[PDB]
Amino acid sequence: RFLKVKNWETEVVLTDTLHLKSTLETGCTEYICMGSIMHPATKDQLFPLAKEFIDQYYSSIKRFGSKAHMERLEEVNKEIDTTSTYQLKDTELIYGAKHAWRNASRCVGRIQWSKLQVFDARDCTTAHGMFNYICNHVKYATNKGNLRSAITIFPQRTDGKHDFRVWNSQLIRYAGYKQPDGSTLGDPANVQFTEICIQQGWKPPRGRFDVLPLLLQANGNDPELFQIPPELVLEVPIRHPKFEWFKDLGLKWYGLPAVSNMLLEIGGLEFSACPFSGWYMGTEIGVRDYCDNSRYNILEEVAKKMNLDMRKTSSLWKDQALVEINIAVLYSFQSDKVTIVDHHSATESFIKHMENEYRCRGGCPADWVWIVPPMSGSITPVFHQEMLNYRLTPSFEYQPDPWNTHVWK
Amino acid sequence: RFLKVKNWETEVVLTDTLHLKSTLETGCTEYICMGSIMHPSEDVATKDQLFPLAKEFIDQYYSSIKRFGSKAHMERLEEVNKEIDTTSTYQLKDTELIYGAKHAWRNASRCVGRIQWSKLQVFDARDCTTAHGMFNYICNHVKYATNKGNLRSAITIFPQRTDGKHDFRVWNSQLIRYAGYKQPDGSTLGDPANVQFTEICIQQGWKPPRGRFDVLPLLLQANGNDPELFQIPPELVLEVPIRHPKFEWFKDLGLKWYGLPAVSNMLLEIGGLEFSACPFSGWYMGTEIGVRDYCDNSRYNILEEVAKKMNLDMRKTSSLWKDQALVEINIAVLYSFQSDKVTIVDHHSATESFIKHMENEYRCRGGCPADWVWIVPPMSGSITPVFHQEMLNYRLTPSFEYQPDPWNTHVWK
Ligand code: HEM
Ligand code: HEM
Ligand SMILES: Cc1cc(N)nc(CCc2cc(CCN)cc(F)c2F)c1
Ligand SMILES: Cc1cc(N)nc(CCc2cc(CCN)cc(F)c2F)c1
Ligand SMILES: Cc1cc(N)nc(CCc2cc(CCN)cc(F)c2F)c1
Ligand SMILES: C[C@H](O)[C@H](O)[C@H]1CNc2nc(N)[nH]c(=O)c2N1
Ligand SMILES: C[C@H](O)[C@H](O)[C@H]1CNc2nc(N)[nH]c(=O)c2N1
Ligand SMILES: [Zn+2]
């Protein structure tokens with residue numbers, strides 16, 4: 001009734017008891033494992049989700065079953081009778097937001113989990129208010145380059161008709177344009193959203209790295225376009241410490257990764273607009289953003305200027321060019337004093353974290369498929385780490401795109 | 001009953017119906033996924049356990065040859081059923097043996113090489129009775145499979161398990177491996193992965209040359225008896241010296257690797273029968289050597305030396321000095337194997353072939369069990385197509401399974 005996991009590089013073994021607290025499906029069964037699938041209330045249903053979280057919280061402050069505690073257990077249960085839902089105390093919102101990050105199985109950055117700055121935006125009511133909260137988030141988090149992790153939490157879902165949503169998948173993305181001759185300008189992953197913003201009245205500059213506008217939806221109304229003041233959008237020009245022609249590539253990338261399309265679930269409530277931001281692992285930019293074939297796809301471009309044998313795959317010209325690109329990302333950010341972590345430091349930090357979590361908490365849900373970096377996998381320590389994956393609450397979940405689901409006016 | 005998988009690089013979606021035939025545990029539950037665990041958690045079948053397993057294997061063999069429900073199919077079932085009832089086991093026809101072996105390979109969810117599953121040379125060694133006999137069967141396998149560098153997939157199959165007390169085992173984990181010697185001071189000579197098995201060999205009288213690339217003796221076990229030592233004849237062990245197309249100094253490293261990878265510690269399960277000794281071999285993907293064998297810290301661990309020779313700034317990690325030297329190593333391995341006309345496949349060619357295979361298998365067979373954590377190569381993962389491919393993992397039989405290390409199990413005399 002316990003589970004061990006081994007590190008085959010170190011032969012260290014850890015015992016998992018924390019898993020005895022999951023409930024949502026993994027999607028796997030004893031007959032099929034779905035570890036690589038990207039995606040596998042009423043009166044009744046809300047009470048116990050709230051109940052278990054309050055017990056969770058009060059257990060986290062020594063005072064489990066305390067004289068206080070039951071008054072909150074009382075008050076929360078009382079409020080659900082009247083408003084149907086209920087509202088978290090500031091204490092609960094901060095705990096719940098920090099623990100959703102703590103339980104994000106796919107996040108390698110979680111050693112930093114309790115150093116989360118929470119911004120309570122639950123008094124927001126209009127897209128204009130949303131824009132204001134988001135601008136203050138970006139400015140705080142960017143912090144001239146000394147980035148700090150933060151989340152802004154907008155009002156919880158109530159009936160579905162009046163959701164608050166950030167339609168951008170991230171606060172800061174570059175735009176994607178369909179070129180008349182079948183090709184794509186900018187970031188290909190963003191063609192659809194970019195066409196919506198254009199359809200919505202955005203006047204695109206139609207270059208590669210055009211920062212998309214914010215498309216914010218408050219209280220179920222139609223979304224509205226807002227352009228983020230550029231003085232808040234910190235960007236880095238990508239140069240190489242060896243190749244002088246590298247600056248000639250015209251490459252830049254922004255400094256603030258901020259996820260804005262996910263759903264945060266605390267005690268049964270559903271915060272559908274909860275943008276959060278950290279700082280980059282270099283491979284996110286170098287390997288995935290620049291080198292996916294469905295993204296900026298610069299491998300051919302870089303190897304050409306490196307003059308590499310591009311005919312046979314066994315020359316490993318893609319591998320060589322990949323390493324160089326990621327050297328330039330990490331070097332460009334460090335030269336411009338913008339926070340960045342390479343995949344070796346990042347993965348070394350996550351082994352520490354797993355060690356911490358097993359000692360003080362008894363388990364750390366982790367998704368090997370996402371924690372292992374997209375490059376040089378086995379030379380990082382997480383590659384040889386067995387992990388158990390299980391779903392703990394509070395949690396970040398996916399949700400449908402608003403445009404697939406929104407009935408306009 | 002109609003599970004979907006998506007490729008996130010191409011948007012292709014495939015429909016899996018084959019999963020309905022799955023069986024033994026994945027190791028996962030609705031509450032915990034174990035897809036990154038390496039393993040799970042007198043033991044021989046009864047007449048009652050065996051009847052169903054055999055029937056279903058026979059039913060599926062006869063379905064494969066478009067003879068399901070035929071009189072041949074019906075007599076075979078009755079022949080098997082009676083044999084299990086009288087002898088508490090049964091013997092596969094040779095045709096069934098070959099189909100079973102090929103389909104355990106087809107079914108092997110961790111194998112990226114499966115596009116070759118049906119071109120497999122099966123050697124029926126079920127008439128073997130002694131360790132000397134095994135040595136001979138293995139020598140023939142090595143020579144056939146090596147083929148002067150034009151490698152050829154093969155398996156040799158020794159007698160099936162009876163009561164567990166009389167098993168055939170190849171105590172080696174692979175038929176060709178380099179010895180590893182721990183030292184007084186904690187350093188290791190050779191291959192640190194093989195320190196234990198080397199010590200066993202030495203205990204059994206093997207006189208070790210104590211070198212960085214010593215081919216281990218074979219340690220063969222017939223019919224539950226004590227294992228016995230045999231030296232593979234060196235002329236049958238094809239090796240490749242590792243050099244680099246650009247760095248003249250790379251040969252000064254003194255690297256070499258053997259050409260033939262051949263797994264000899266697994267168990268082949270066909271129709272409820274267990275062939276505890278079934279060495280099988282193919283050809284290498286370069287990353288197996290150039291990433292895992294040479295660059296794992298618990299292995300030969302040469303990144304340090306190679307970076308040095310490349311004059312790499314190794315002060316910080318964010319120089320990516322390990323990444324940079326790992327690439328030039330794997331370039332050298334591909335270049336060496338190719339230079340000497342020894343069959344090898346790079347990780348990009350191999351993953352592209354496997355996507356092609358996996359699609360054809362959905363189309364023609366209705367699914368293709370795959371283990372993402374093992375299919376993705378341990379370098380440059382996301383620039384290979386398997387990284388963006390959703391995969392369903394389930395156990396199809398016939399199958400290769402892990403089994404305990406024999407030295408942990410065997411009782412001596
Ligand atoms: C502080 C620096 C951080 C780093 C270096 C980091 C690193 C990463 C990386 C590399 C991924 C993979 C993302 C992808 O491939 O698209 C990821 C996923 C994730 N991170 Fe972090 N992270 C950080 C902070 C945070 C914070 C502050 C939160 C929430 C408050 C968070 C929650 C998540 C979640 C929920 C995912 C899953 C994404 C998904 O399912 O698509 N992370 N993280
Ligand atoms: C023909 C060329 C082949 C190639 C290129 C190939 C490739 C691979 C690779 C790269 C692995 C991962 C191994 C590791 O990281 O330790 C693997 C695993 C495996 N292969 Fe293949 N293989 C080939 C032939 C075969 C054959 C002939 C069989 C059986 C008849 C087979 C059955 C397996 C099995 C059972 C595993 C799982 C190993 C384990 O879980 O320890 N393969 N293969
Ligand atoms: C909090 C956080 C930190 C970090 N270090 N990374 C992320 C993911 C960010 C991200 C992902 C994707 C692709 C998601 N499939 C595109 C982006 F523009 C983006 F910012 C989030
Ligand atoms: C048939 C086959 C083909 C291939 N291409 N690869 C393999 C795995 C072979 C192998 C694995 C390990 C590590 C096992 N823990 C060490 C070896 F020396 C070795 F040959 C098997
Ligand atoms: C998915 C799966 C495939 C297979 N053939 N057999 C099993 C049974 C138990 C088992 C064996 C192995 C080693 C053989 N792959 C790895 C596992 F994760 C595992 F659960 C499971
Ligand atoms: C813990 C983890 O499951 C382990 O390191 C696995 C990961 N993936 C692998 N993939 C392959 N091909 N070979 C391996 O040995 C491993 N090891
Ligand atoms: C198919 C596969 O599950 C999918 O491509 C996953 C694999 N691992 C990943 N890991 C990270 N960090 N990010 C990703 O987008 C993915 N994609
Ligand atoms: Zn699973």
Side-chain angles (χ1 to χ4, degrees), chain A residues 17-28 39-61 63-66 68-107 110 113-114 116 118 120-122 151-165 261-274 276 361-365 389-400 405, chain B residues 29-33:
Chain A
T17 35
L18 189 73
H19 71 276
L20 297 163
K21 309 189 137 70
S22 14
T23 293
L24 189 116
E25 302 266 335
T26 56
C28 309
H39 329 248
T42 84
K43 271 290 190 185
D44 262 342
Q45 316 194 305
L46 180 58
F47 261 89
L49 298 170
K51 162 198 235 304
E52 190 240 76
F53 167 70
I54 312 290
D55 301 317
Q56 204 175 357
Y57 170 70
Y58 272 114
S59 199
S60 74
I61 53 180
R63 320 266 177 265
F64 178 66
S66 80
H69 190 161
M70 1 249 62
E71 280 295 75
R72 181 72 186 162
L73 258 43
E74 153 85 326
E75 183 194 20
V76 170
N77 120 91
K78 287 257 177 190
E79 177 190 353
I80 301 176
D81 312 336
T82 36
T83 46
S84 311
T85 158
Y86 78 102
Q87 309 283 330
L88 301 164
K89 290 303 189 97
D90 299 2
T91 51
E92 294 153 337
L93 194 72
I94 296 179
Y95 169 91
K98 293 190 177 184
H99 275 67
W101 182 11
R102 195 184 201 194
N103 299 340
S105 68
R106 314 181 151 177
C107 181
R110 288 175 286 164
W113 73 265
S114 73
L116 190 58
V118 196
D120 180 1
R122 291 181 294 166
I151 179 164
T152 300
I153 297 169
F154 286 105
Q156 62 212 61
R157 187 193 304 242
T158 49
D159 64 345
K161 305 183 183 186
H162 309 88
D163 275 19
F164 287 77
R165 293 293 307 263
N261 60 4
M262 291 194 77
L263 204 164
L264 158 65
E265 180 178 345
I266 310 176
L269 315 162
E270 298 184 359
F271 302 96
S272 55
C274 55
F276 53 96
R361 189 187 203 185
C364 176
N389 203 5
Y390 47 92
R391 210 260 216 186
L392 291 183
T393 260
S395 43
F396 296 103
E397 296 301 317
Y398 300 114
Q399 55 182 331
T405 53
Chain B
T29 85
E30 301 90 356
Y31 296 75
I32 305 105
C33 178

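The figures here come from the full heavy-atom set of this structure, side chains too, leaving out hydrogens, waters and symmetry mates. Just so we're on the same page: letters track the sequence lines, and every chain starts at 1.
- Heavy-atom minimum distance, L116(A) versus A97(A): CD2-O, 3.8 Å.
- Remark: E25(A) CD to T29(B) OG1 distance equals 9.0 Å, nearest 0.5 Å.
- The shortest heavy-atom contact between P40(A) and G27(A) is CB-CA, 4.0 Å.
- The shortest heavy-atom contact between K43(A) and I80(A) is NZ-O, 2.8 Å.
- The CH2 atom of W101(A) sits 12.5 Å away from the CG atom of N103(A) when rounded to the nearest 0.5 Å.
- Contact record, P155(A) with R122(A): CG-O, 3.4 Å, taken as the closest heavy-atom pair.
- Ring geometry for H39(A) against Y398(A) counts as perpendicular: the plane angle is over 60°, on a 0 to 90° scale with 30° as the lower cut.
- Salt-bridge formation is detected for the pair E397(A)/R391(A): a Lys NZ or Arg NE/NH1/NH2 atom is positioned less than 4.0 Å from an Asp or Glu carboxylate oxygen.
- Ion pairing between a basic and an acidic side chain is recognised when a charged N comes within 4.0 Å of a carboxylate O; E75(A) and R72(A) show such pairing.
- Within the 4.5 Å cutoff, no side-chain heavy atoms of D163(A) are placed close to those of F154(A).
- A donor-acceptor pair under 3.5 Å is formed between the side chain of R110(A) and the backbone N or O of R102(A).
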Are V118(A) and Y95(A) close enough, and set up right, to give a side-chain contact (heavy atoms from CB on, under 4.5 Å), and what steps lead you there?
-> CA-CA 10 Å; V118(A) 196; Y95(A) 169 91; over 6 Å; no
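- Inter-residue side-chain proximity for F276(A) and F396(A) is flagged as met; some heavy-atom pair is nearer than 4.5 Å.
- A distance of 11.5 Å separates CD of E92(A) from CD of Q56(A), quoted to the nearest 0.5 Å.
- We find that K161(A) and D159(A) are not joined by a salt bridge, their nearest charged nitrogen and carboxylate oxygen being 4.0 Å or further apart.
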Run the side-chain contact (heavy atoms from CB on, under 4.5 Å) check on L93(A) and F271(A) step by step: do they pass?
-> CA-CA 11 Å; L93(A) 194 72; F271(A) 302 96; 4.0 Å; yes
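- Taking CD1 of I266(A) as the reference point, atom OG of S395(A) lies at 9.0 Å (rounded to 0.5 Å).
- Environment of NZ in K51(A): sparse, with no more than 12 heavy atoms of neighbouring residues, nucleotides or ligands closer than 6.0 Å.
- Remark: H19(A) NE2 to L392(A) CG distance equals 10.5 Å, nearest 0.5 Å.
- Side-chain contact check for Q156(A) versus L88(A): every heavy-atom pair is 4.5 Å or farther apart.
- The distance from atom CG of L269(A) to atom OG1 of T85(A), rounded to the nearest 0.5 Å, is 4.5 Å.
- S272(A) and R157(A) get closest at one heavy-atom pair: CB-NH2, 4.5 Å.
- In terms of modelled atom types and a separation under 3.5 Å, the side chain of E270(A) and the main chain of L263(A) share no donor-acceptor contact.
- Between the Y86(A) side chain and the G267(A) main chain, a donor and an acceptor come within less than 3.5 Å of each other.
- In summary, the aromatic rings of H69(A) and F64(A) are positioned with their centroids under 6.0 Å apart.
- Side-chain contact between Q399(A) and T405(A) is absent, with no heavy-atom pair separated by less than 4.5 Å.
- Proximity of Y390(A) to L18(A): side-chain heavy atoms (C-beta onward) are separated by under 4.5 Å at one or more points.
- In terms of modelled atom types and a separation under 3.5 Å, the side chain of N77(A) and the main chain of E74(A) share a donor-acceptor contact.
- Residues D120(A) and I94(A) have side chains not in contact (no heavy-atom distance under 4.5 Å, counting atoms from C-beta outward).
- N389(A) is not listed as a side-chain neighbour of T26(A), based on a closest heavy-atom distance of 4.5 Å or more.
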